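Only one chain is shown below, in C-alpha cells, and it's the form deposited in one PDB entry.
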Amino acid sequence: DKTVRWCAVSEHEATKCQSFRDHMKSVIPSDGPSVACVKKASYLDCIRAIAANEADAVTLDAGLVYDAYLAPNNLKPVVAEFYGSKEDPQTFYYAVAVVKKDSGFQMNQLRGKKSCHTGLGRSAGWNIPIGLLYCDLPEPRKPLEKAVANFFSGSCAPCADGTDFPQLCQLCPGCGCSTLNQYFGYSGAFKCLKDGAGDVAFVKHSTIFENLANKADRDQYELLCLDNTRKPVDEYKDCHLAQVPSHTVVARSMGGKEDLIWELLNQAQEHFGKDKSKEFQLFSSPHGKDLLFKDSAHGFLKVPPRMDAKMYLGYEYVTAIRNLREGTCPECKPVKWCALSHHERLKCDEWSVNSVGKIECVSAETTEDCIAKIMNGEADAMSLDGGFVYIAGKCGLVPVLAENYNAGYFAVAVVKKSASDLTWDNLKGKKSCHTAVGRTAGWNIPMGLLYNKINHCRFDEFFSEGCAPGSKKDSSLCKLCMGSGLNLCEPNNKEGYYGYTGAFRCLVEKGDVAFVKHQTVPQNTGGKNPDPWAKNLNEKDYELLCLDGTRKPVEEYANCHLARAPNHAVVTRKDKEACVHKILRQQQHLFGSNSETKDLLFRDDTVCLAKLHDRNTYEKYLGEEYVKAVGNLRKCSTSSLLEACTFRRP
C-alpha cells in the first residue's frame, strides 16, 4: 500500500484527519497515496508512534522538531508549512533582540540590563534568549526564573512568578499573563522597549515593522548579533538569536516515507488548499482551529533531502535549546579538524598527539558532510577550495585564514601545442577536462567567463563531451572520465581525472582543453611525475589559452591566465573564528615550513596560513566578480548541501 499514517493528537484532529482521508479518495487515483489516521494523546506520543513504525507523519513546532530528532526517535523534517503567500513563502521566523540606537552595549553585556519578554515559556521572548544566555546566568541556575531575576536588574516577564522573584515584574508589576498587561506579547515587549521601561526586547524579526511604519523611527533601533556587534533592524537575517521554522512535518530518518508524504500533501494542497473553495478545506475545520496544520498556512514546501533536524533548526537554535534541556556549562582549547579520508585522518591523528590535545579529529565521507559537521558543532574547521568556501559561506560559515603558496593562484586553460587551432574565442564542440564541478580553477572561473558568452550553464551542450567530476552520470561531461564502476565521474581520488593533476591527465589522454592552475603542467612534466601517463611529457608540448584569443607557453601564465583565483581557505563558525585564528598560527610556527601521499588537509604548495583582516566574509574574501559568476552557475548546480542552506536563506 501507499498509505501515509497521519498522527493526530486530539479527537478534533482525528475527525479532521478522517475527513481528509475520505476526500483524498475522491481526487487521488488508485495508484496514489492514501491517508490513515492514528490518534495519540500528545505530540510526544506521536513522535514515539512514528519512531515505532505505528505511524508515519505529524506536524510540529520547532521545540518538538528537536525532541523528535533525539535518540531513540530519530525523526527528520520532510515537509514545511509556508505562510504569507505563494510568491514569497514564509517558512521561518527569526528571534531577535531589539535595542535602542546608541544604548552602548552588546549581547555579552546584558547582565544588569532591563529586559522585555513576550512571555515566560514563549520561544522568541524567553526560551531562546535565556537558552543562549544560560551559562552567563549566576549559579545556582535552578530554578531558572530566580537565576534570570538575578541576571537582569529588572524585567517585564509576563507569566513569571513575581511573588517569589519581584525583579521579573519591575517593568510590569504583577507579570500579567494577558493582553491586559500593556507589555504582554510581541507588541507588548516591543512597547516595553520603545517606552523606555527596558533596554532590550526579545521578539520576532517582524515585530518592529508591525509597530513602526516609518523608517525614520526604526533607524533609532538596532539588533544585537551573537558576535557582539549591532546591526540595523532590517538586517535580521545576519543578526538574530535564532532562526525558527514555524510548522514542520517530520518522519523517520530511514524507512520514511518522505516521498509519499510529500506526494500526499502536495496533491492535498492542490485540491483543498488555500482558496480552492471545496466543502473540505485543508487549512480550516468546523471542528476547531489549527487542526493538523495551522489555519494561517498557504501551502507546503518540500524540505530538501540533505536536511537533518540540526541543519534545519540551525546552530543558534540548537545551542539555545540544548542549554535549556541539558543545563551544562564549561569550566578556548581543542580545535576539531574535519578529515575526508583514512589518510587525511591518519595525518590528523598524529597532528593531534603532536599538538598535545590542542587539535582533535573527526572524519566524514565527503566535503559537504564535513561542512555540515562544522555548521552543527560536530567539527570546527577544515580547509577548502574557493568553490567550497562559497558553499560554506552560504551555509553560514566564515573564512578565517588563507593558504599561501608564494592575490593567490592563477586559473589557466591548457591545450596541446600540436593542435594549434584552439582558442578561447571558440571552444564550441571541443572536449573539456575540469578538476570538478564547483571548484575555482576547474569550473567557477572558466565556466563563469563562458556563461557570459553563451548566457546559459548547460555546458554539456557547448562542449561535445568531457570529464567534469560531480556532473550527472548520464551527462556528456562524464564520458571522458576514467573511474570504474560506481567511481566513474565521482569528485574524489577513485576517479583518476579528478582534481588539478587529474584534469591535466584528462587533457593528455582524451581532452582538447583542461581548466587547471598555473603550476599544474610544470609539476606533471619533465619526469617530475613518475607515473606512466606523465613521465615522458615535457611542458613545451602544452600551451595556455589567453583571454586575447592568442596562446602562450606554460611558464608564461602571468600574462596568459583566465583570472586570479582566490586562495584555498580555512573555514569555521563565527563563534570559533577567534580560537581557530589563534591555534593554527600557534601550530604552524611549530610545524610549518621549519603529507604521506599528496595534499592532505592542506595543499603541499602551502608555506603558511595567512591573515585575512577585513575579508572574513565569503563575499569579501571571494570578491564580487567571483560571487556574481557562481550566482549565475547555481542555475545548473546539483549541490544538495547548497540546496538545503539556500532553502533556509534564499
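Each form is matched to the other, and the largest set of C-alpha atoms that superpose within 1.5 Å is called the rigid core. One-based numbering along the sequence shown.
Annotation: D295 does not belong to the positions left without coordinates in a third of the other compared entries; each one with flanking residues models it. Residue-level annotation: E495 has coordinates in all of the other entries compared, counting only those that model residues on either side of it, so it never reaches the one-third mark. Per the record, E87 and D88 are directly connected, as no deposited residue between them is missing from the model. Where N594 is followed by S595 in the displayed chain, the model omits 10 or more of the deposited residues that sit between the two. Per-stretch averaging of Cα B factors for 354-362 and 457-465 places 354-362 on top.
When 297-305 is weighed against 424-432, 424-432 comes out higher, by mean CA B-factor as recorded in the entry.
For the set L340, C481, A197, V508, the PDB entry assigns the largest Cα B-factor to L340.
Ranking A201, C348, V318, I130 by the C-alpha B-factor listed in the PDB entry places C348 at the top.
The PDB entry assigns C608 a C-alpha temperature factor belonging to the highest third of its chain's modelled residues. Compared with the other modelled residues of the chain, the Cα B-factor recorded for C329 ranks in the highest third. Per-chain ranking of the deposited C-alpha B factor places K274 in the middle third. In this PDB entry, the Cα temperature factor of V99 sits in the bottom third of its chain's modelled residues, the lowest group. In this PDB entry, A629 carries a Cα temperature factor that places it within the highest third of its chain's modelled residues.
The next section is about a form of this same protein that is not shown, the form deposited in another entry.
Only one of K431, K310, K347, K76 has its C-alpha shifted by 2 Å or more between the shown form and the other one once the core is superposed, and that residue is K431.
Taking 2 Å as the criterion, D385 does not count as shifted between the shown form and the other one: its C-alpha moves by less than this amount when the rigid core is aligned. Put the two forms on the same core and the Cα of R634 is off by 2 Å or more between the shown form and the other one. Comparing the forms between the shown form and the other one on their rigid core, the Cα displacement of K574 stays under 2 Å.
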